[PDB]
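Residue numbers (the numbering used here): 13 to 220.
Every residue gets a Cβ at the ideal spot worked out from N, C-alpha and C, and that includes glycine.
This report concerns only the one structure given below.
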Ligand SMILES: COCCCNc1ncnc2[nH]cnc12
């Protein structure tokens, strides 16, 4: 049923830096997530250029932003390439170990947390605002899985039996009590317009 895994030491360490460092400019989190989705959408676009049957699981390539005031969640959905069980376990497709290193050293030499994306670990920026992150994903070559973590040193991976998604990734941010601003329409609009205004995929903000 539910398998539990430990983060590689470097990622436990990244995640603790993101949760504990005093940093007010939390909003970059959305930019990094949206940008992860665009990369996933590139990836499925490219694959499909030579094998059009990869798009059998969904031809539309888009990103949705879904706030929910009652569950206290913001969810970023894309119909990108999605992840296999193995990529999920292996730091969600990232070079997280060396990325954390190159990040760490950028911070020694002048950088700030907003540069996180440049080291291929932007995903973890979700912990700027989320206390728990759930990631549901479906790649063509595999089943649908959910990855989960309230940080703390460990993640879980189960096969997901709820709503079949087709193909792609859903990053559910279970928001911290004091960051409910990121559920506001106006606030999300502001951030998309500020940081993600030239992303090559439609981005729909859902209403409640
Ligand atoms: C490179 O990002 C690392 C974590 C997220 N990686 C991802 N992989 C596949 N589809 C996605 N959709 C959004 N993020 C995705």
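Could you name the residues of the same chain whose beta carbon sits closer than 7 Å to that of residue 18, not counting the 5 residues immediately before and after it, in chain order? A distance below 7 Å between beta-carbons, with the five flanking residues on each side excluded, links residue 18 to the following residues of its chain, in chain order: 165 and 166.
Is it buried or exposed for residue 182, if we count other Cβ within 10 angstroms and need 16 for buried? With 16 or more other Cβ atoms within 10 Å, it is buried.
Specify the secondary structure class of residue 44 as computed by DSSP and reduced to three states. Looking at residue 44 - three-state DSSP - the assignment turns out to be helix.
Give every residue of the same chain whose Cβ lies closer than 6 Å to the Cβ of residue 147, excluding the five residues on either side of it in the sequence, and list them in chain order. Within the same chain, residue 147 has close Cβ partners 159 and 183.
By how many angstroms is the C-alpha of residue 156 removed from the C-alpha of residue 173? Looking at the two C-alpha atoms, the distance is approximately 8 Å.
Residue 215 (DSSP reduced to helix, strand or coil): The three-state reading of DSSP puts residue 215 in strand, counting E and B together.
Range covered by the beta strand (DSSP E) that runs through residue 170: For residue 170, the enclosing beta strand (DSSP E) has its first and last residue at 166 to 171.
Judging by CA-CA distance, which residue of 14, 198, 89 and 112 is the nearest neighbour of residue 185? Considering only alpha carbons, the answer is 89.
Residue 176 versus residue 150: straight-line alpha-carbon distance, rounded: Roughly 9 Å separates the two Cα atoms.
Would you say residue 49 touches ligand 1, meaning its beta carbon is less than 6 Å from a heavy atom? With a cut-off of 6 Å, the C-beta of residue 49 is classified as near ligand 1, since at least one heavy atom of the ligand falls inside that distance.
CA-to-CA distance, residue 129 to residue 209, given in whole angstroms: Here the C-alpha atom of residue 209 lies approximately 17 Å from the C-alpha atom of residue 129.
May I ask whether a heavy atom of ligand 1 can be found less than 6 Å away from the beta carbon of residue 212? Flag unset: Cβ of residue 212 not near ligand 1.
Cutoff 6 Å; reference residue 14; Cβ partners in own chain excluding five residues on either side: Cβ neighbours of residue 14 beyond the five flanking positions: 168 and 170.
Name the two residues that bound the continuous alpha helix (DSSP H) containing residue 203. 197 to 207 is the extent of the alpha helix (DSSP H) around residue 203.
Could you give the distance in angstroms between the alpha-carbon of residue 123 and the alpha-carbon of residue 79? Answer to the nearest angstrom: the Cα atoms are 31 Å apart.
If you check the beta carbons only, do residue 45 and residue 203 fall under 7 Å apart? Cβ distance not < 7 Å, so residue 45 and residue 203 don't count as in contact.
First and last residue of the beta strand (DSSP E) that includes residue 120? Residue 120 -> not in any beta strand (DSSP E); alpha helix (DSSP H) instead, spanning 108 to 120.
Enumerate in chain order the residues of its own chain whose CB-to-CB distance from residue 111 is below 6 Å, with the five nearest sequence positions on each side excluded. Cβ within range, chain order: 131, 132 and 133.
To the nearest angstrom, how far is it from the Cα of residue 222 to the Cα of residue 217? This structure cannot settle anything about residue 222, because the visible part of the chain is limited to 13 through 220.
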